[PDB]
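Order-wise, the sequence lines are chains O and K. Letter by letter, the first sequence follows residues 98 to 152, 169 to 361, 368 to 444, 449 to 519 of the authors' numbering. Letter by letter, the second sequence follows residues 3 to 174, 182 to 210, 218 to 265 of the authors' numbering. The C-beta atom is built at its ideal place from N, Cα and C for all residues, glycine as well. Report on the structure given below.
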Amino acid sequence: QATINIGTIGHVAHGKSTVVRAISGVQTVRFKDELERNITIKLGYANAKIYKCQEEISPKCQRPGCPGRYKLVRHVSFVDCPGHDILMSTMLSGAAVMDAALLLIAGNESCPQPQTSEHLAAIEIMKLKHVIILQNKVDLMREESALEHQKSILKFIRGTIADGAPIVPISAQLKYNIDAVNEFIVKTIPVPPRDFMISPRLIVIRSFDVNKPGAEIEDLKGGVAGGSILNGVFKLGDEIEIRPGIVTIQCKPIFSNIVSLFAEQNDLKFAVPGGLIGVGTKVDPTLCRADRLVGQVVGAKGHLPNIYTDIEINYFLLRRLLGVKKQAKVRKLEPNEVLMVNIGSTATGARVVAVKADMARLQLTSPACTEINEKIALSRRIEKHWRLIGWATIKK
Amino acid sequence: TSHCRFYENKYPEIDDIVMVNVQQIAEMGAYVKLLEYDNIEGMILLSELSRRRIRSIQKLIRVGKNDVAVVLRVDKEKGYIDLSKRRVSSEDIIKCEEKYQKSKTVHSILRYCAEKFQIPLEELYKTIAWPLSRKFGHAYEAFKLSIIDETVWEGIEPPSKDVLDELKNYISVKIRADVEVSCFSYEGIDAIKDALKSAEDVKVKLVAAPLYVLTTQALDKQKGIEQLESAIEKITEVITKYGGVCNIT
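Here's what the structure looks like:
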């Protein structure tokens with residue numbers, strides 16, 4: 098199945114979807130009539146092939178001269194998030210689901226673009242320094258201007274946790290120069306190991322009913338959860354608890376036996392981790408209605424994640440903020460103020476109980492589940508929409 | 003072409019009970035046209051209409067409206083024929099009214115047939131009207147039995163078989186419910202299936225996982241009052257035993 102969760106990052110109206118299309122052919126759709134013209138809310142999904150010519170996009174070597182057929186390397190799946198500074202929660206969720214990143218910078222649009230920088234920062238925070246950098250709108254720029262842009266980018270990427278991350282000049286519309294990108298996908302991104310015995314944990318980003326308009330109820334379908342595994346091969350025929358729960368104010372975890380564990384385009388026996396998977400469960404498709412299973416944790420039955428509202432956070436912050444042009452000073456965190464705490468996939472609205480030296484105690488208005496220590500990206504409301512302040516770990 | 007006879011005699015032979023409407027009344031009584039032989043007309047006397055002397059203010063409210071009338075006398079070679087409705091019993095009113103409603107609902111099923119297949123109306127009318135109205139009573143309960151017993155169609159021939167098909171075509182309601190299955194469970198699918206397996210066996221359609229459009233058929237329009245309610249009750253029953261939540265509009 099899908100071997101490595103590779104994410105796509107860039108500015109809004111630059112062409113992440115376009116890039117995906119160029120790579121795979123699989124469309125992110127762009128939907129709900131708002132997003133048909135403009136920008137997606139959900140993650141965009143695509144399945145790209147790597148079968149190398151060693152003597169590729171398709172498993173045949175008729176194209177690159179030598180008739181010695183395309184030698185199977187990998188199959189990779191995309192994690193394409195919204196690159197808008199309003200919808201950052203989704204991006205954050207994607208980030209602690211990904212194994213590696215793909216940057217997208219346009220030629221004619223500037224080098225210190227705010228959103229892109231923010232994305233980069235997020236990636237750095239959430240252990241995602243494996244970034245393949247792509248020059249995108251180069252089918253517009255001069256023989257000198259492009260070079261200048263590249264130089265500027267290089268200059269920028271000197272103090273960042275990205276040091277010598279590779280840059281490729283592609284056209285997402287004209288279909289050129291993606292060979293290099295493909296090569297890098299095997300070269301610069303090795304897949305981090307993901308075993309059998311590391312306790313099975315599924316991180317849900319999407320809720321899906323496949324209940325088509327027109328059918329009869331004597332021919333029914335269950336609930337499908339679109340979520341990623343980063344530990345534990347889920348096999349067909351297992352019982353599950355989804356632990357952030359269902360709301361009564369108290370919450371109670373949801374129990375579902377596996378109908379299917381579906382990856383690629385064809386349903387499989389297994390779901391080997393480091394991939395984003397559509398899990399058919401006996402759970403109602405009415406709870407998989409639109410975007411209900413977003414930021415929920417799934418464990419195999421006989422397991423104890425903990426649903427915390429009162430949290431011990433170890434926090435770290437910036438000197439100067441991101442999301443804006449206008450990079451504003453980080454004023455100190457203020458008590459009993461609504462922050463957004465992004466933990467793996469959750470985007471919970473939290474109130475500050477205490478501020479110490481490097482630790483903070485937080486109240487959650489919506490309960491999140493901590494199994495391990497859990498990776499956090501933090502966010503705040505200063506300029507209406509949510510800006511990225513810093514990062515944390517749950518000290519548990 | 004337009005309209006024609008009942009039963010192949012030129013006039014309503016003496017002392018039968020027909021229906022008319024009064025056209026105008028000046029001094030003779032009314033110039034009643036016969037509603038069974040439509041284009042023909044007769045008349046009727048002033049003292050014959052009730053016993054009371056009819057006021058002009060009473061005369062105006064009655065014209066155009068139709069009623070029942072027995073026939074006193076008939077010239078066999080003149081259309082100048084009398085009618086009568088003082089000597090009409092109360093039962094005969096309802097009997098001839100039922101016979102004339104029968105007549106109109108067996109005329110309306112052949113009017114458009116003759117005037118849209120474009121043939122002379124009288125010939126196929128009479129080739130139906132000899133055996134079915136001479137054997138027993140005419141075409142209403144003849145044709146209500148003709149669609150289940152097809153020996154009527156082969157007993158006499160029509161000049162064309164397209165009017166046959168249209169007569170077979172003429173004589174031979183949804184209560185909408187947007188029930189909202191707002192479930193948050195694990196055994197909900199089964200419940201839904203169970204619900205389907207009793208409420209559909218009337219027209220049930222899936223819209224999504226929550227919304228369902230079911231258009232329950234009613235016979236008296238008020239007989240689907242006992243159906244929709246029943247369905248609702250079933251729905252209520254269903255979801256308490258499985259784990260989810262169903263809400264009804």
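Between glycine 66 (chain K) and chain O, the shortest Cβ-Cβ separation is not below 7 angstroms.
Excluding sequence positions up to five before and after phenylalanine 297 (chain O), its CB lies within less than 8 angstroms of the CB of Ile245, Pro279, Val281, all in the same chain and listed in chain order.
Short of 6 angstroms from the beta carbon of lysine 348 (chain O), and not among the five residues preceding or following it, lie these beta carbons of its own chain, in chain order: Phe389. The residues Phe309, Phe389, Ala390, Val391, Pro392, in chain order, have a CB closer than 7 angstroms to that of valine 346 (chain O) in the same chain once the five nearest residues on each side in sequence are set aside. Under the 10 Å beta carbon count, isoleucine 16 (chain K) is surrounded by fewer than 16 other beta carbons and is classified as exposed. For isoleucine 241 (chain K), the three-state secondary structure derived from DSSP is helix. O:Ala419 is the residue among O:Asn433, O:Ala419, O:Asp198, O:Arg127 whose C-alpha sits nearest the C-alpha of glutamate 354 (chain O). The Cβ atoms of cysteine 6 (chain K) and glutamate 124 (chain K) lie closer than 7 angstroms to each other. Close to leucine 406 (chain O), with beta-carbon spacing below 8 angstroms, are these residues of chain K in chain order: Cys192, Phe193, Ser194. Assigned with DSSP and collapsed to three states, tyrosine 114 (chain K) falls in helix. Residues of chain O whose Cβ lies closer than 8 angstroms to the Cβ of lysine 202 (chain K) are, in chain order, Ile330, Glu331, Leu333.
Between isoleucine 42 (chain K) and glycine 81 (chain K), the gap from beta carbon to beta carbon is short of 7 angstroms. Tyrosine 142 (chain K): member of the alpha helix (DSSP H) spanning 141 to 148, first to last residue. Non-local C-beta neighbours of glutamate 245 (chain K) in its own chain, meaning closer than 6 angstroms and more than five positions away in sequence, are absent. Annotation for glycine 418 (chain O): the continuous beta strand (DSSP E) segment containing it runs 415 to 419.
Taking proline 161 (chain K) as the centre and dropping the five residues before and after it, the same chain places the C-beta of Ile121, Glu125, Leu126, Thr129 closer than 8 angstroms to its C-beta, in chain order. Judged by DSSP secondary structure, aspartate 187 (chain K) falls within the beta strand (DSSP E) whose first and last residues are 183 to 189. Rounded to the nearest angstrom, the gap between the Cα atoms of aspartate 203 (chain K) and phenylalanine 374 (chain O) is 21 angstroms. As computed with DSSP, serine 379 (chain O) is found in a beta bridge with O:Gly399. Note on geometry: alpha-carbon atoms of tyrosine 39 (chain K) and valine 20 (chain K) lie some 10 angstroms from one another.
Where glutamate 352 (chain O) is concerned, there is no enclosing alpha helix (DSSP H), although the beta strand (DSSP E) around it starts and stops at 352 to 360. At a Cβ-Cβ threshold of 7 angstroms, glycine 112 (chain O) and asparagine 249 (chain O) count as neighbours. Going by DSSP, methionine 21 (chain K) is part of the beta strand (DSSP E) stretching over 19 to 23.
Contact between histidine 197 (chain O) and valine 109 (chain O) holds, since their C-beta atoms are separated by about 5 angstroms, short of 8 angstroms.
In the DSSP assignment, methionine 45 (chain K) is bridged to K:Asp84. Using beta-carbon distances, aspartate 403 (chain O) counts as an interface residue toward chain K, with a partner under 7 angstroms.
Proximity of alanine 247 (chain K) to chain O, defined by a Cβ-Cβ separation below 7 angstroms, is not satisfied. Scanning its chain for C-beta atoms nearer than 7 angstroms, with the 5 sequence neighbours on each side dropped, one finds around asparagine 221 (chain O) the residues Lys250, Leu253, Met254, in chain order. Remark: fewer than three beta-carbon pairs, one from each stretch, lie closer than 8 angstroms, so the stretch 213 to 230 of chain O and the stretch 481 to 492 of chain O are not flagged as touching. Under the 7 angstroms criterion on CB atoms, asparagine 324 (chain O) is classed as interfacial with respect to chain K. Beta-bridge partners of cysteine 492 (chain O) (DSSP): O:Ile426.
With distances taken between CA atoms, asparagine 376 (chain O) lies nearest to O:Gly399 out of O:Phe128, O:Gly399, O:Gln369, O:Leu395. Collapsing the DSSP output to three states places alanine 131 (chain K) in a helix. Counting along the chain, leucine 233 (chain O) sits inside the alpha helix (DSSP H) bounded by residues 227 to 238. Residue environment: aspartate 322 (chain O) is assigned as buried (16 or more neighbouring CB atoms within 10 Å of its CB, all protein chains considered). DSSP places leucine 217 (chain O) inside the beta strand (DSSP E), whose first and last residues are 213 to 218.
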